[PDB]
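Tertiary structure, described
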Amino acid sequence: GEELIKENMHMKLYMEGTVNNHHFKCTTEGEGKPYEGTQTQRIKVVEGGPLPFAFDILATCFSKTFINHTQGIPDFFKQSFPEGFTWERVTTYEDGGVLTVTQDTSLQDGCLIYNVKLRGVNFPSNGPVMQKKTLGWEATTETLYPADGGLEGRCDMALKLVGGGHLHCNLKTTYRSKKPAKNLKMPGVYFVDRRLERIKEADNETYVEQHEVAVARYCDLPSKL
């Protein structure tokens, strides 16, 4: 299963969504090193472009297979192939914005195929999302917990704002393997440091280039219990 994920792996994503009544579609091509945690994605807004909202809010929709693992932490996502996995996410922003996502990850002809359906609602019209006043994401640290036969993740993020300051959101995600649980070694609780970064953009954010590096680990602190 994990042998299917090679040192180099390409990916393609299809995205159809709506944010505050604006319908759009995107497509991506990318590649990366699944075991180093690094990857690159080149996104094209193919419909509904230009978006009347910050592209930043879509960043986290574009790759759980590309993560470095340390200290012997089992790889829930890489183990899951060839069957693949899905994840479902709700992102709540502190000024009232709510985004919900459902994602499917398959492996076909040695290519990772992503299918994303999302829905943003209640984003304020004079907030930085709709006003396009965002400058990207801070580096992050998420925590993943064993839940049933899959993973649940939790992550506070911070959207940098033009003029200074941050707009914070909380991510709630359920990861679900499409592989029998009898064939997976379920990890314990652990943490993933991430840094998503906008490398390029063109044509009013209808073409975008993103990079992401990610490493899994434990707390690496002493414990008296």
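Residues numbered from 1 in each chain as written, not as in the entry; some residues may be left out. Heavy atoms only, no water.

Attention shifts here to the overall build of the protein. Looking only at helices and strands, the protein has 1 helix and 13 strands in total. In the protein, the succession of α and β elements from N to C terminus is β-β-β-β-β-β-β-α-β-β-β-β-β-β. Computed over C-alpha atoms, the radius of gyration of the protein comes to 17 Å, within 12% of the 17 Å expected from 2.2 N^0.38 for 225 residues, which places it in the range of a compact globule. Projecting the C-alpha coordinates of the protein onto the three principal axes gives extents of approximately 50 × 45 × 30 Å. Looking at the protein as a whole, 47% of its 225 residues qualify as buried. With the model as given, the accessible surface of the protein reaches about 11,000 Å², and the carbon-plus-sulfur share is 48%. (Helix = DSSP H or I, 4+ residues; strand = E, 2+ residues; numbered from the N terminus. Rg over C-alpha atoms; globule rule 2.2 N^0.38 Å. Buried < 20%, exposed > 50% of the residue type's maximum accessible area, 1.4 Å probe, protein only. Areas by Shrake-Rupley, 256 points an atom, 1.4 Å probe, with all protein chains shown as cover.)

This paragraph deals with empty space enclosed by the protein. In this approach a probe as big as a water molecule rolls over the atoms, and the regions it shows empty are the leftover space. By volume, the second largest cavity amounts to about 50 Å³. For the lining of the second largest cavity, the elements supplying multiple residues, two or more each, are β5 (85–93) and β11 (166–177). In terms of residue class, the lining of the second largest cavity is built from 7 nonpolar, 2 polar and no charged. (1 Å grid on protein atoms, 1.4 Å probe; cavity = no way out; pocket = protein on both sides within 12 Å on 5 of 7 lines; lining within 4 Å. Points joined across faces, edges and corners; volume = space filled by probe spheres on them. Nonpolar A, V, L, I, M, F, W, Y, C, P; charged D, E, K, R; others polar.)

What follows covers unusual backbone geometry. Residue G49 is joined to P50 through a cis peptide bond whose omega torsion reads 0°. Turning to its location among the elements, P50 is positioned in the loop between β3 (38–47) and β4 (68–69). The phi torsion at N20 lies on the positive side, around 45°, for a residue other than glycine.

With that out of the way, let us pick up the state of the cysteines. In a disulfide, the sulfur atoms of two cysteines are held together by a covalent bond. Enumeration over the complete set of coordinates arrives at 0 disulfides. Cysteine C26 shares no disulfide, and the gap to the nearest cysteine sulfur, in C61, comes to 9.4 Å. On the accessibility criterion, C26 (2% relative accessible area) is buried. Here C155 stays free of any disulfide, with the sulfur of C169 as its closest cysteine sulfur at 7.9 Å. (Disulfide = S-S within 2.5 Å.)

The next point concerns the pairing of strand β7 (residues 111–121). When strand β1 (residues 9–19) meets β7, the two strands line up parallel, connected through 9 bridges. Counterpart to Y14 in the pairing with β7 is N115. Bridging between strand β6 (residues 98–108) and β7 involves 11 bridges; their strand directions are antiparallel. Note that in β7 the partner of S106 across the bridge is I113. (Pairing = 2+ DSSP bridges.)

So, on to the nonpolar core. Of all hydrophobic cores here, the largest spans 55 residues; its most connected members are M15, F24, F53, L58 and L118. The residues contacting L118, other than those within four sequence positions of it, are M15, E16, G17, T18, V19, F24, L58, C61, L99, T100 and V101. (Core = buried A, V, L, I, M, F, W, Y, C linked by side-chain atoms within 4.5 Å. Contact = heavy atoms within 4.5 Å.)

Before going further, it helps to spend a moment on the environment of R195. Relative to the assigned elements, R195 resides in strand β12 (residues 190–202). Note: C-alpha distance between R195 and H211 (16 residues apart in sequence) is 8.2 Å. Setting aside anything within four residues of it in sequence, one finds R195 in contact with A139, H211, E212 and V213.

By volume, the largest pocket is sized at about 240 Å³. Together, 16 residues line the largest pocket, and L135, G136, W137, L196 and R198 are the ones closest to its centre. Within the residue set of the lining of the largest pocket, elements represented by two or more residues are β8 (134–137) and β12. The biggest single contributor to the lining of the largest pocket is β12, with 5 residues. Per-class residue counts for the lining of the largest pocket are 5 nonpolar, 3 polar and 8 charged.

The next point concerns the pattern of salt bridges. Taken as a whole and judged by the stated rule, the model has 13 salt bridges. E31 is paired through a salt bridge with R42; the nearest N and O atoms lie 2.7 Å apart. Here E31, found in strand β2 (residues 22–33), pairs with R42, found in strand β3; they are 11 residues apart in sequence, far enough to count as distant. Classification of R42 by relative accessible area gives partly exposed; the value is 31%. (Salt bridge = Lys/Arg side-chain N within 4 Å of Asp/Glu carboxyl O.)

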